[PDB]
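Asks: Sequence first, structure after, both from an experimental entry:
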Amino acid sequence: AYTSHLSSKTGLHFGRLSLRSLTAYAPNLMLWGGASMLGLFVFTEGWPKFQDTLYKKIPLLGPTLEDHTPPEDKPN
Amino acid sequence: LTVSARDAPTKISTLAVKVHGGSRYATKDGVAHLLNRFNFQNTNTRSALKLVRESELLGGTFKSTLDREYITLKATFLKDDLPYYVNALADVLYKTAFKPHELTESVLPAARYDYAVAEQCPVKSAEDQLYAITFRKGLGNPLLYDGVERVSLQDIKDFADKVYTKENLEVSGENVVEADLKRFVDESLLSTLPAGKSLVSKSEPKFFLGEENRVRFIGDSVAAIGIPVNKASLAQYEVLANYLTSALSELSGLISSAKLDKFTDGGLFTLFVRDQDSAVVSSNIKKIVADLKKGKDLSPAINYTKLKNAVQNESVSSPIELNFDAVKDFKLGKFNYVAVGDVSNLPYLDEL
């Protein structure tokens, strides 16, 4: 056989990135999104709205966050 | 345009185009070096970047070399990409763009680098000075551009369409079938070149004997002798070269290099002794010429020089079939001399 030309065509890009960049990056970037959400999950554990809404719905780590003070012993 | 190829059952082929455009035929000196460094650049159709990138995707390598007679445009590829590289060499022979913006940016720094590299070796300076004192303005133009005579872009264009004519060039190659190469060189733009005159003239190029040049140079010192040889006495000096730089002599430990440059019309047998000390260059070249002025017998070196010339004419496309069996002896007559380096501690031509 004999190839007289080059039978090839441009990719999809915007100069700095391309689709081949994001295709190979996207599993590690969704893992980075999960790691960032985990980071602020652990950074906002003392926030009481996220504490009583989400951080006791955890199955076995739940009853460690609340501590059972009787209501007739707090000042407010 | 003579297409001369051969076949082999292998994978990698080469296609070469040889023009007669070295510094033998340069009008101003250094023009052929600028054309050789100028060769594989921007064509009027595609770039020097698109050609290199799509040929690397197709799997090949372009090159362009320059010696005293030819400019060689070589292309080494996988075997099933012949018509693309034929069309690429025809493109780059016909319609290079010749822009000043790439003359200053890309050609002149490469020429300056190649000239500095060939200057810092003290044996190439002796060799081209030996050429310049043997042949005055025939083969004795300098090989590389150095900024002495200012070369424009118009001189490069005039020399390029003087030398890139159809009767001047010929196309050879390894591992291509001759039928497809002769069918691809036609139906191309290599056939539509101007059919100018061929540039080679075949009578002997008017040498000069008994001349000396002394070049001052810091570093290591060389002493070179050089004999211009005819076409009939080419075999005796080839046997002499392969006898002198070989273990048959006792003069192989003194001679650092010795070689016969062959051409169509005649040749030049050159001999370099290089050292860092210079009294050893003086005593060595005195012993060399004082032993070569007596008669040496050259018939023991015949089988060895047949071997060496078979292995050196292996891959060249210009085989000269020398006989090597009318050779019996050698006695040195008159010879040109050039002494480069520590020049005051080197012997003159009257001392040798």
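Replies: Sure thing, it's come through. Numbers count the residues shown, from 1 in each chain, chains lettered A, B, ... in the order given.
Asks: so who does the closest residue to residue B:1 other than its chain neighbours touch?
Replies: Once flanking residues are discounted, residue B:1 sits nearest to residue B:166: 5.1 Å by Cβ to Cβ, 6 or more residues apart in numbering or on different chains. (C-beta placed from N, C-alpha, C; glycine too.) The contact partners of residue B:166, by Cβ atoms under 8 Å, 6 or more residues apart in numbering or on different chains, come to B:1, B:190, B:191, B:193, B:194, B:195, B:196.
Asks: What lies in contact with the helix ranked longest in chain A?
Replies: Using DSSP state H to define each element, chain A has its longest helix at helix A:19-43. With Cβ under 8 Å, 6+ apart as the test, helix A:19-43 has contacts from A:11, A:12, A:13.
Asks: from the chain's centre, how far out does it sit?
Replies: From the chain centre to the centre of helix A:19-43 is a distance of 6 Å (Cα atoms, centre = their mean, to the nearest Å).
Asks: for it, which positions count as buried?
Replies: Within helix A:19-43, no residue is scored as buried using 16 or more other Cβ atoms under 10 Å in any protein chain shown.
Asks: and the next element down the chain from it?
Replies: Counting by DSSP states H and E, the next helix or strand C-terminal to helix A:19-43 is helix A:48-53.
Asks: how far is that following helix from where the chain is centred?
Replies: 19 Å.
Asks: ditto for stretch B:241-253
Replies: Worked out by Cα atoms, centre = their mean, stretch B:241-253 lies 24 Å from the chain centre.
Asks: if we look at it, which residues are touching it?
Replies: B:255, B:257-260, B:269, B:271, B:287-288, B:291-292, B:296, B:298, B:300-301, B:304-305, B:308-309.
Asks: May I have it as PDB, with CA atoms only?
Replies: Presented in PDB, the C-alpha positions along stretch B:241-253 are these (Å, rounded to 0.1, in the frame of the first residue of the first chain):
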ATOM      1  CA  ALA B 241      45.700   6.600   2.300                       C
ATOM      2  CA  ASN B 242      44.600   3.100   3.400                       C
ATOM      3  CA  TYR B 243      48.200   2.200   3.800                       C
ATOM      4  CA  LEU B 244      49.300   5.200   5.800                       C
ATOM      5  CA  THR B 245      46.500   5.200   8.400                       C
ATOM      6  CA  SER B 246      46.800   1.500   8.900                       C
ATOM      7  CA  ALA B 247      48.800  -1.000  10.900                       C
ATOM      8  CA  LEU B 248      50.900  -2.000   7.900                       C
ATOM      9  CA  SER B 249      53.100   1.100   8.400                       C
ATOM     10  CA  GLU B 250      55.300   2.300  11.200                       C
ATOM     11  CA  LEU B 251      53.900   5.700  10.300                       C
ATOM     12  CA  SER B 252      50.400   5.100  11.700                       C
ATOM     13  CA  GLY B 253      51.300   6.200  15.200                       C
END
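Asks: If you check chain A against chain B, which residue is the closest one?
Replies: In chain A, no residue comes nearer to chain B than residue A:6, which is 4.6 Å away by Cβ to the nearest Cβ.
Asks: That residue touches residue B:58, doesn't it?
Replies: Yes: the pair residue A:6 / residue B:58 is scored as a contact, 6.2 Å apart, by Cβ atoms under 8 Å.
Asks: what's the overlap in contacts for those two?
Replies: residue B:84.
Asks: neighbour count winner among those two?
Replies: residue B:58 (18 against 14; other Cβ atoms under 10 Å in any protein chain shown).
Asks: quick one: contacts for the closest residue to the more buried one other than its chain neighbours?
Replies: Leaving aside its chain neighbours, residue B:58 sits nearest to residue B:81 (5.3 Å; criterion: Cβ to Cβ, 6+ apart). Residues in contact with residue B:81, defined by Cβ under 8 Å, 6+ apart, are A:2, A:3, B:58, B:59, B:60.
Asks: Out of the residues you listed, which end up buried?
Replies: Buried, going by 16+ other Cβ under 10 Å: B:58, B:60, out of those.
Asks: Switch the contacts of residue B:81 over to CSV; also include distance to residue B:317.
Replies: Putting the contacts of residue B:81 into CSV (distance: Cβ to Cβ, whole Å) gives the following:
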residue, distance to residue B:317
A:2, 23
A:3, 26
B:58, 24
B:59, 23
B:60, 18
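Asks: In strands only, show me the contacts of residue B:81.
Replies: If you go by DSSP state E, these have residue B:60 in strands.
Asks: Residue A:62: which of the contacts of residue B:81 is nearest?
Replies: Comparing those against residue A:62 with Cβ to Cβ places residue B:59 closest, at 64.1 Å.
Asks: Could I get the phi/psi values of that closest one?
Replies: With angles defined as degrees, to the nearest 10, residue B:59 sits at phi 90, psi 60.
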